[PDB]
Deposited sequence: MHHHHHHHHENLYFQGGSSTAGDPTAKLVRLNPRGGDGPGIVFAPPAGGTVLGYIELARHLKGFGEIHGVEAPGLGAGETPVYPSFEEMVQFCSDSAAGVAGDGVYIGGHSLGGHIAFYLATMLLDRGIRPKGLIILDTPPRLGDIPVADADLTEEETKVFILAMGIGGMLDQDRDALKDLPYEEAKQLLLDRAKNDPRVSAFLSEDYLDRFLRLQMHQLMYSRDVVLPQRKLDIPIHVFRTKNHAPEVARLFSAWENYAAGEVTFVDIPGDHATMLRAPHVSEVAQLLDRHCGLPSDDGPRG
């Protein structure tokens, strides 16, 4: 019964991208990037099952999530279409791509946004996650959200979203609740389960920020372990959270355009 949902993130010429969602299952963290890209045609994201109103919430295993996302991406994926992802979305995207190849569908490449193949480590905990994750995605004062009761922090996010035409269509009180619950669930995925375990036979492009702790910075090169063909590393501005928001996302977009899009 349950399925993931393919969502169009932009309004012409160039390759496509299908983004896999990070923890929480939403595409909304890619909207700003999608709006800044100029070298791509169709940009989609896969939305996890169970985030819509009146739907049954779904808490998939990592493998189940990959399956949901593969099935959804398969409608548009193939020649001329990248798979991409940020944070846990990068691991999902890697495994999604391997599943498409196994089914005879070959994406143009895999775009990894600033995660190594080793996934990085993560009541007051609930509020901190809200503030640092979707609070970040929404350009919010993260320190102010932390100093708040969970329900009051949630209301500030809704106040910010409810008349923003980029997200007001779907980011309701119910959607936010479902996102936060699925996020907590997916934040418990085991690092050993999401680690790549085979080589991927399409090119990989890794876009990495340069303000990581050294112990994380030295883990990016391991993407080459999982590349049966080309792997390319591209430095981008910002840090892990702010690279997908203004002003850094415009430069991230320019670099994706240059390295992966249509000249």
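Stretches of the deposited sequence lacking C-alpha coordinates, numbered from 1: 1-22, 34-35, 147-155, 297-303.
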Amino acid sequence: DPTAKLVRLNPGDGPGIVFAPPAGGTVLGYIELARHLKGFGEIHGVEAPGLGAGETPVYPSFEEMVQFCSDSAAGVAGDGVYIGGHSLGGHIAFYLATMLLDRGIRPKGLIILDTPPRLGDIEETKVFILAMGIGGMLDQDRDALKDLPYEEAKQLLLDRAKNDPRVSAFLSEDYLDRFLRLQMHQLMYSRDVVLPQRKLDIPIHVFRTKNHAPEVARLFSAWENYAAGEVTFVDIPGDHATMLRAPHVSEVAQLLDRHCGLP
From here on, numbers count along this sequence of modelled residues.
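With 237-245 and 17-25 compared on mean CA B-factor from the PDB entry, the stretch scoring higher is 237-245.
Taking only CA atoms, the mean B-factor in the PDB entry is higher for 113-121 than for the other of 113-121 and 85-93.
Across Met184, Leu145, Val193, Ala74, the greatest Cα temperature factor reported in the deposited entry is at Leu145.
If you compare the C-alpha temperature factors of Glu224, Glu215, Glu47, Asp201 in the entry, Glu215 comes out highest.
The PDB entry assigns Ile105 a C-alpha temperature factor belonging to the lowest third of its chain's modelled residues. The entry lists a Cα temperature factor for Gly80 that places it in the middle third of the chain's modelled residues. Remark: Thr232 belongs to the middle third of its chain, ranked by C-alpha B-factor as recorded. In this PDB entry, the Cα temperature factor of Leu158 sits in the top third of its chain's modelled residues, the highest group.
In the PDB entry, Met132 places in the highest third of its chain by CA B-factor.
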